Each structure stands twice: as C-alpha cells, then as structure tokens.
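A.B. asks: My questions will all concern the structure given below.
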Protein chains: 2
Amino acid sequence: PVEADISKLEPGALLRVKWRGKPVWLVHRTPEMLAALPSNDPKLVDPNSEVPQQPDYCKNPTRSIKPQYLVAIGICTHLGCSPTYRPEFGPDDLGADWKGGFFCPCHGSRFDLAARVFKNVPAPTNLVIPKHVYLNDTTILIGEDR
Amino acid sequence: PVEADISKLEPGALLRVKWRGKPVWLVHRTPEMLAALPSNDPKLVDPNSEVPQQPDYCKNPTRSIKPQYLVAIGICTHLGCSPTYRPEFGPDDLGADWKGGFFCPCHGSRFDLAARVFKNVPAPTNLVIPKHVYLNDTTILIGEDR
Ligand code: FES
Ligand code: FES
Ligand SMILES: [Cl-]
C-alpha cells in the first residue's frame with residue numbers, strides 16, 4: 001500500500017500517487033463540484049455504481065468515503081490511456097453543460113467528478129476505485145482498508 | 001510500500017515479506033528474549049547502533065519502534081546469504097550462552113535478537129532495518145515512515 005498526504009491538496013487540485021504501477025488520483029472536490037454531480041445521473045451509464053468498480057464504502061453518489069475527496073485509478077476503462085483532468089465547467093470543447101470531470105484523449109470517453117462514465121463513449125464502465133482508508137484527516141492509505 | 005499483517009504472528013514466530021526484492025523479517029519477541037539482549041552488549045560490535053544501519057527511531061537497544069517486534073532485512077551484511085533464525089537459548093551448536101538470534105550458514109556470522117552482529121565474525125555490521133511505520137497495532141507498513 002501507499003500513503004497519500006493530502007494535507008496540502010487545495011480546492012480543485014489533483015494529487016497523483018503510484019500504486020501497483022498504476023496512477024491513483026486524489027481530487028479535492030469543492031461544494032460547487034459536488035452540487036452538480038446528481039445532475040449528471042440521467043446522462044451516465046452507471047450513476048448508482050452497480051458495476052463493482054469500487055469497494056462498497058464508495059458505492060454511493062460521490063463514489064467516495066468523504067464528499068471532499070475523490071480517490072480513483074487514473075486509467076480509462078476503454079483501452080487504458082490516462083484521461084485528462086478537466087475541472088472547469090462548460091469549456092467550449094466539452095460543451096456548455098459540462099460540470100467538470102475527465103476526458104480521455106485517446107478515443108473521447110468522458111467521466112464526471114465521481115469518475116462515472118457517460119453514456120455512448122467507448123469506455124463502458126466507471127473508473128476503478130482502489131481499496132483505501134483514511135489513517136487520519138490528511139492521510140489516505142491506498143491499497144488496503146480496515 | 002509493503003504491508004505486514006502481524007495480527008497472527010505468535011510469540012517467537014517470524015514473518016517474512018518481500019520488499020524491493022529483499023526479504024523483510026518481523027519477529028515477535030517475548031519478554032524472555034528481550035530480557036537477554038543487554039547481556040549481549042559486551043560481545044557485540046555495535047551494541048548502540050552507531051553505524052547507520054537503521055532509521056533513527058530504531059537506533060536503540062532493541063533496534064525497533066516497539067520492543068515486542070523486531071523488523072529487519074534478512075540479508076547477512078557479510079556477503080549476502082540469508083541467515084538462519086535460531087530463537088532457542090543455548091543450543092549445543094551455538095553455545096550454552098546463546099540467547100536466541102540469527103546464524104548465517106555460509107561463513108558463520110552471528111546476530112542477536114535485535115539483529116546486532118557479534119564480534120569476530122565475517123559480517124562487520126548490524127543487519128539493515130528498513131524505513132517502516134505502524135499503521136495500527138497489528139499492521140506495519142514497510143518502505144515508508146511519517
Ligand atoms: S482508452 Fe480512453 S476513450 Fe479509449
Ligand atoms: S554471507 Fe553471512 S557469514 Fe558470509
Ligand atoms: Cl526469505
């Protein structure tokens with residue numbers, strides 16, 4: 001397992017740590033980012049995380065233990081590129097209704113800020129969330145849980 | 001880093017985990033084993049761990065964070081063989097005054113239960129102790145400390 005120190009992870013920032021040769025992202029979500037997540041539901045493939053792409057303690061609307069932080073494996077579920085992080089709302093290239101999320105540059109799959117995949121892109125499932133647990137408020141252990 | 005679950009490590013037992021290609025041993029020491037350590041001092045090369053073969057939080061008489069468990073890399077400091085674990089006191093082959101420890105089969109180097117090397121053997125230093133930290137009472141994370 002690897003320890004992720006989020007003590008300096010500012011609002012909207014993304015921290016990358018390596019685990020089992022894979023990139024693990026930790027995103028500090030703002031209330032604004034969180035407020036828009038439910039609105040994505042109708043446009044998502046698996047808004048309720050029914051596909052087991054995460055431990056049960058992350059099978060929820062924000063796919064996380066705490067709303068303030070998203071923890072997920074930064075690998076596209078289509079073929080494995082690493083998606084770009086696009087937290088800004090409504091950029092011209094992604095559409096005015098874009099509420100922040102991730103965009104895979106290899107074949108266009110899109111995921112929201114709970115790493116849930118949108119309908120009709122090559123990726124068929126929400127990004128994988130690894131087992132993890134908070135050791136304390138500013139330290140998340142990735143790879144193992146209680 | 002590598003997690004070592006010592007929840008089932010009984011008194012006197014030794015757990016082996018692999019870290020960076022190296023064998024890491026975790027030994028559950030009994031009070032009897034601990035009681036005998038100071039007596040080895042006069043016969044040891046570096047009883048106070050002056051040679052930096054370990055992190056500072058292990059630079060002490062039991063070369064460990066807690067007395068109950070010894071954590072060390074199981075590689076002989078002489079030429080690299082893997083020492084045998086000999087916890088029993090006074091076996092005929094090692095001597096009646098033997099208080100438990102390690103015996104390297106390749107050229108006879110001896111180390112005590114704090115992994116400290118005895119005088120006049122081929123190995124010149126105490127076995128290396130890797131950086132590590134307790135995640136909780138029965139879980140040790142090897143390869144990192146904070
Ligand atoms: S690898 Fe991500 S859209 Fe194909
Ligand atoms: S390698 Fe251990 S005594 Fe030589
Ligand atoms: Cl081994």
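Derivation of every value follows stated rules applied to the coordinates shown; laboratory data play no part. With ideal geometry, Cβ positions are generated from the backbone for all residues, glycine too; neighbour counts draw on all protein chains shown.
A.B. asks: For the range A:35-114, which trypsin sites (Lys or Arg not before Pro) are in a loop by DSSP, counting at most 16 other Cβ atoms within 10 Å?
C.D. replies: Answer by residue number: A:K59.
A.B. asks: In angstroms, what radius of gyration and Dmax does chain B have, counting Cα atoms only?
C.D. replies: 14.0, 43
A.B. asks: Tell me, how many Å apart are the Cα centres for the range A:107-135 and for the range B:32-78?
C.D. replies: Each part's Cα centre sits 48 Å from the other's.
A.B. asks: Does the protein assembly as shown come out rounded, prolate or oblate, given a ≥ b ≥ c as the square roots of the eigenvalues of its C-alpha gyration tensor, rounded meaning a/c under 1.5 and, failing that, prolate meaning a/b above b/c?
C.D. replies: Because a/c hits 1.5 or more and a/b exceeds b/c, the protein assembly as shown counts as prolate.
A.B. asks: Right, something else. For the range A:1-49, what does the alpha-carbon gyration tensor say about shape, rounded, prolate or oblate, given a ≥ b ≥ c as the root eigenvalues, a/c under 1.5 as rounded, and a/b over b/c as prolate?
C.D. replies: Since a/c reaches 1.5 but b/c is at least a/b, the shape of the range A:1-49 is classed as oblate.
A.B. asks: On C-alpha positions alone, give me the angle between the axis of helix B:31-40 and the longest principal axis of chain B, in degrees, nearest 10.
C.D. replies: Compared with the principal axis, the helix lies near 50 degrees.
A.B. asks: Return the calculated 222 nm mean residue ellipticity for the protein assembly as shown, to the nearest 500 deg cm²/dmol, obtained by summing -39500 (n - 2.57) across DSSP H runs with n ≥ 4 and dividing by the residue count.
C.D. replies: Taken over the protein assembly as shown, the calculation gives -2000 deg cm²/dmol.
A.B. asks: Cα to Cα, under 27 Å, and not fewer than 8 places away if on the same chain: which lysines meet these conditions relative to B:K119?
C.D. replies: B:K22, B:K43, B:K59, B:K66, B:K99, B:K131
A.B. asks: Let me ask something else about it. Assign one of three labels to the range A:46-114, namely rounded, prolate or oblate, based on the Cα gyration tensor with a ≥ b ≥ c the square roots of its eigenvalues; rounded applies when a/c is under 1.5, prolate when it is not and a/b is larger than b/c, and oblate otherwise.
C.D. replies: oblate
A.B. asks: Another question, then. Could you line up B:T84, B:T125, B:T62 from fewest to most neighbouring Cβ atoms inside 10 Å?
C.D. replies: B:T84, B:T125, B:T62
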